[PDB]
Structure formats: C-alpha cells, structure tokens
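> I have a structure I would like to understand better, so I am pasting it below and will then ask my questions one at a time.
2 protein chains.
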Amino acid sequence: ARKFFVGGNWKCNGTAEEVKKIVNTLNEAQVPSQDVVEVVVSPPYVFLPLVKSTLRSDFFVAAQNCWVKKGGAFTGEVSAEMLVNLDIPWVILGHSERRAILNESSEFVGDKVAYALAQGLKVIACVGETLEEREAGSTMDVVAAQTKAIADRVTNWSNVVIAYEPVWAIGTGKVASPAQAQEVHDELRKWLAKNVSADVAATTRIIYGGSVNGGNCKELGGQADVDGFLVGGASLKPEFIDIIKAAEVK
Amino acid sequence: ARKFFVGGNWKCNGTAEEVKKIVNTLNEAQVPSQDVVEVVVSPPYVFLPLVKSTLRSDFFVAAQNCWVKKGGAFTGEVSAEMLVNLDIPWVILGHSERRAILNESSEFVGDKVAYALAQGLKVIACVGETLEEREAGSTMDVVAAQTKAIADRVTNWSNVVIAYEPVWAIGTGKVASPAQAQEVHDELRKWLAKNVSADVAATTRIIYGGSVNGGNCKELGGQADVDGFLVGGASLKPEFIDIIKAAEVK
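This is the structure in structure tokens:
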C-alpha cells in the first residue's frame, strides 16, 4: 500500500523569525506516525541549514529546485550534489511556477529529475495543465507529455513522488473539486501502468498540488488515487498540521 | 579615491568540508586594511549561513543572484529581502552565465538591480560582450546598452559596483590584455560621466571580471580605470589572498 505523503512548499517566503515560529509549531505537533504519513517541508535555499538543524527528525527537508547537471560555472545555481552534501534528502522539480515564469521545459525538468535521482536525492516531480489547456480538452495530453519527458529519462521510480498541479484553478477564479482531482490522478496512474509498468503505477505516490487547506483536506485525501498533497500557502500556517492529520482517512 | 574591491565568485561549487578549508585559509590571511580594500566572498545560497557564521567579520558575504521583485509564489527563488534578513550585504546580478544560460535580459537584470538596492542590498552588477559582438565592433554599443538598462532604473549609485566581463575571452581561445581591459573600463567610466554624472563616474568602482589570478592581478589592478576584480575559479584557492594583496599597487 502507498504511504500517504504530505509536502509543504514554502515557496519564496520566510524570515529567520518566521521560520523559527513555523518550525516550533511543527515540533510541538502530534500527528500520525512516520509509518502512516511521510512529511516533507521545503524552505528557500538560504533557510535549508536553519530548518535542517531545528526541525523534528521525523519530518524531512526538501529544496525547492536544483541544477540540471554537475556543478561548475553556473552562477546562482545549487547542484544536486550540494544538497546531498548538506544531508537534504528531497527536492521539488518542475513546479508550475518554474515551468511558467522561469520557462523550464518538460525536457529540462526530466533531465533535472534524472540527475537528482542519480545523485541520491528523492524527487517530488510536478506536472499540471493550464486553464487554456484544460479548456482545449488537452488535460491528459499535457500531463502525459510532461510525465513522458521524465519517464524517458528515468528507469527507476522508487524515489519519485508525482505532484499534480491544477494550474487551471490557480488564480483563475475556477475551483477544483475532489472529483476532478481524482479523475486526473486515476488517468495518470493508468498512463504509468500502460507506459512504464503495472508495478510503477501501483507503488508511485501521486499527490494533489492544488489548493489544500484545513477545510478540504479530508475530502481530497479520501479519493482513491490521491496519495497526499503538495501544499502551498497553508504550509506556512498551523493549518499544515491538520493537513498532515488527513492521513487518517487512509 | 575609489576603494579597491575584490569579489570572489565561487559559482556553483562547494561542500561543507571545502567551505571550511576556504574560510580557514581566508581567516588566517594578512592583507591590506578594510580602508584599502573591500573584500566580498560569494558562496552558493545553501552555504551562505555557514560562511556568514564562520568568515572573518572584516570580509563580506554576497549571494550569487536574487529574485527580480518581492517574494511570494516563486518556487526556487530567493528574494532580496530574505538576504537582508539574513544579514547578507551583497548580491551579484547579471552575471554572464545567467544572461547566457538562464536567458536573463538586460532589462530583467536592471529590474533586479533596482529591486535589490531598494531593499538595502549592495550590488555587483555585471556587463560584458561576446566574441561575435566584439568582432562586429559592437563592444561599447553592447556594454553601454547593458549599463543603460541598469542606469534607467537606478536612482542612487552609492551601493553599486560594476563588473566588466570579457565574455569574448571566456572559452573562446581569445585572451584579454590589461590594455584591452583598461580601454573598456575607461570608455565605460566616460559613458557614466556623460550619461549619469561626473560624480557617479568618479566614485563608482568598475572591477574586472575576466581571468584573474596571482600572476596577472598586479598588472590589471594597476590600470587607471580598473578598481579591482570579480574573481572566478581562483576565489576557491589560496591564490585569492594574493589577488586581494594587489590593492597595494594603487
């Protein structure tokens, strides 16, 4: 059975004082065991040392990005081997904001995933379609294309978690229903089964990366092919603890 | 008189063990006073806390990049206000590797410089032309266009240092002479005098960001319009100390 997975993407947010308050609140939380839910917290690069040194040892830390290949003359970038050196176990790759605002292509994302895995990182790999793409009836064409670019470069999926982001509902005034989330997760898992292997489809966590909050987390998490969440803004808030506790619905 | 300035850009390099060795070596160095030379060291984001906590207090730390505007939903990016919060005083912006590989436009760089200054950072702003551009006779056309994009957005130059990168000599098999460096620095300073102000031209450090090592630092540093260096690979090596010591040539 797939272990429920809850990741918290802090995005480009944080100060030393706020990080201290967030971590203290997480440290005082009483949540399901590590056998029931896998919890990953992702601060900006410059707060990885502070968070890794002060966060409860049963929660894990992720970087929000890394470079596509070995380090060297790439001013401003952080290599996967640096993260491994600092004992940062996870990385988020292919987030919708990086695909859209920083123009990361599906192929670029796939090369990053492959390189990160080869260095020993575990990866939250993000996919998702825009409002224009959904309206065009292209949701699964887009999500499959993004996933295929990764699948073409990755032979071993053990340390991958896929995050589906309904970008079409992100600040579009559209809201995503639990039924809509389940439809995409189900079709994506079917795609993995048909295009990678039955074993990979059965064992790979596919987590929901749309709007998740204390109010809707149990309803989303109870969906058959939803294995957890990649949380945005709520991950900065005490409400993240309630989202972790949604693992009990499984 | 303009204070000599030596920045060390570590680029995408470093491990905890190597950082400890580099910092120990700098900490044991005996170099000209803080009144004679201003020294800035720039590690990858994830080593900014380690370096800030262990480096001698009379040397300063820089980030290698920051985001173009206020933080928020920009997964993977580090905002200028984060760096200020962590007491990181400097940032490198517009480095040739980010212009070329990550496609940062001159306008994007200009906006970053303005935002960083607005938040209280000091900025090393990088400009420079390619081999194709130099061979076409466009060196000063290009450097002026890049500088204009920054100047059009900057209201106060006190906390700006300009770095000229002879990109045309970077892995092209061409070598830049000290005379060639001095020509560009002189023409760039004259451009500042005519198009910003005589005071800004007289007071703004323009540092050389081509190949600098122990062997050539004195000849370069002695040029009338060269105010120091943005060092690449030598910045990881004990030789960085000899480059700092070139300040004595002024």
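Keeping their order, the protein sequence lines are chains B and A. Offset between the first sequence (1-based) and the deposited numbering: plus 1. Offset between the second sequence (1-based) and the deposited numbering: plus 1. All residues carry an ideal CB built from backbone N, CA and C; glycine is no exception.
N86 (chain A) touches chain B at which residues, Cβ-Cβ below 7 Å?
Counted from its first residue, the second sequence places residue 86 (chain A) at position 85. Within 7 Å Cβ-Cβ: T16 and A17.
> So, with DSSP's three-state summary, where would you put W169 (chain A)?
Against the second sequence, residue 169 (chain A) aligns to sequence position 168. Correct three-state label for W169 (chain A): helix.
> Can you name the start and end residues of the beta strand (DSSP E) that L94 (chain B) belongs to?
Counted from its first residue, the first sequence places residue 94 (chain B) at position 93. Its beta strand (DSSP E) spans residues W91 to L94.
> Spatial neighbours of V42 (chain B) within its chain, please: C-beta separation below 8 Å, excluding the five flanking residues on both sides.
Taking the first residue of the first sequence as 1, we reach residue 42 (chain B) at position 41. Correct list, in chain order: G8, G9, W11, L27, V52, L56, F60, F61, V62, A63 and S236.
> In chain order, what residues of the same chain have a beta carbon less than 6 Å from the beta carbon of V37 (chain B), not counting five sequence neighbours either side?
By one-based count along the first sequence, residue 37 (chain B) stands at place 36. Result list for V37 (chain B): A248, in chain order.
> Run through DSSP, which three-state label would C127 (chain B) get?
Sequence index remark: in the first sequence, residue 127 (chain B) carries index 126 (1-based). Reduced to three states, the DSSP call for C127 (chain B) is strand.
> I'd like to know if the stretch 99–117 of chain A and the stretch 195–208 of chain B are in contact, where contact means that at least 3 CB-CB pairs between them fall below 8 Å.
Output reads no: the stretch 195–208 of chain B does not touch the stretch 99–117 of chain A.
> Should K113 (chain A) go down as buried or exposed, given a rule of 16 or more other Cβ atoms within 10 Å for buried?
The count along the second sequence starts at 1 and reaches residue 113 (chain A) at position 112. Classification of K113 (chain A): buried, given that the 10 Å Cβ count is 16 or more.
> Compare the C-alpha of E188 (chain A) against each of A:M141, A:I208 and A:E82 and name the closest.
Indexing the second sequence from 1 puts residue 188 (chain A) at position 187. Of the candidates A:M141, A:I208 and A:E82, the one whose C-alpha sits nearest the C-alpha of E188 (chain A) is A:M141.
> Ordered along the chain, which non-local residues of its own chain (more than five positions away) have a Cβ less than 7 Å from that of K123 (chain A)?
The count along the second sequence starts at 1 and reaches residue 123 (chain A) at position 122. Closer than 7 Å at the Cβ level, and outside the excluded window around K123 (chain A), lie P90, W91 and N160.
> Does the beta-carbon of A150 (chain B) have 16 or more other beta-carbons within 10 angstroms, so that it is buried, or is it exposed?
Taking the first residue of the first sequence as 1, we reach residue 150 (chain B) at position 149. The residue in question, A150 (chain B), is buried, as its Cβ has 16 or more Cβ neighbours within 10 Å.
> By the three-class DSSP mapping on this structure, what secondary structure does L122 (chain A) have?
Position 121 of the second sequence, counted from the first residue, corresponds to residue 122 (chain A). Of the three classes helix, strand and coil, the one that applies to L122 (chain A) here is coil, per DSSP.
> Does chain B have any CB closer than 9 Å to the CB of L132 (chain A)?
The residue you call residue 132 (chain A) lines up with position 131 of the second sequence. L132 (chain A) does not count as touching chain B.
> Return the chain-ordered ranges of every beta strand (DSSP E) run that is complete within the stretch 130–166 of chain A and spans a minimum of 3 residues.
With a minimum length of 3 residues, the continuous beta strand (DSSP E) runs that stay inside the stretch 130–166 of chain A are 161–165.
> For the stretch 129–147 of chain A against the stretch 168–176 of chain A, are there 3 or more C-beta pairs whose distance is under 8 Å?
Touching, per the Cβ criterion.
> Identify which residue in A:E220, A:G211 and A:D226 has its Cα closest to the Cα of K175 (chain A).
Taking the first residue of the second sequence as 1, we reach residue 175 (chain A) at position 174. Comparing Cα-Cα distances from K175 (chain A) to each of A:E220, A:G211 and A:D226, the minimum goes to A:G211.
> Kindly list, in the order they appear in chain A, the residues whose Cβ is closer than 8 Å to that of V79 (chain B).
Translated into the one-based positions of the first sequence, residue 79 (chain B) becomes position 78. Correct list: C13, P45, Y46 and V47.
> Closer than 9 Å, CB to CB, is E98 (chain A) near chain B or not?
Residue numbering aside, residue 98 (chain A) sits at position 97 when the second sequence is read from its first letter. Chain B, which has a Cβ nearer than 9 Å to the Cβ of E98 (chain A), makes this yes.
> With a threshold of 8 Å (Cβ to nearest heavy atom), would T173 (chain B) be considered close to the ligand FAD?
Looking for the ligand FAD in the displayed structure turns up nothing, as the structure carries no ligands at all.
> What three-state label does DSSP hand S43 (chain B) in the structure shown?
The residue you call residue 43 (chain B) lines up with position 42 of the first sequence. DSSP places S43 (chain B) in strand when its eight states are reduced to three.
> Which runs of the beta strand (DSSP E) spanning at least 3 residues fall entirely within the stretch 45–84 of chain A, listed in chain order?
Runs found: 61–64.
> Examine chain A for any beta-carbon lying closer than 9 Å to the beta-carbon of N66 (chain B), and answer yes or no.
To locate residue 66 (chain B), count along the first sequence from 1; it is residue 65. Chain A contact via Cβ: present.
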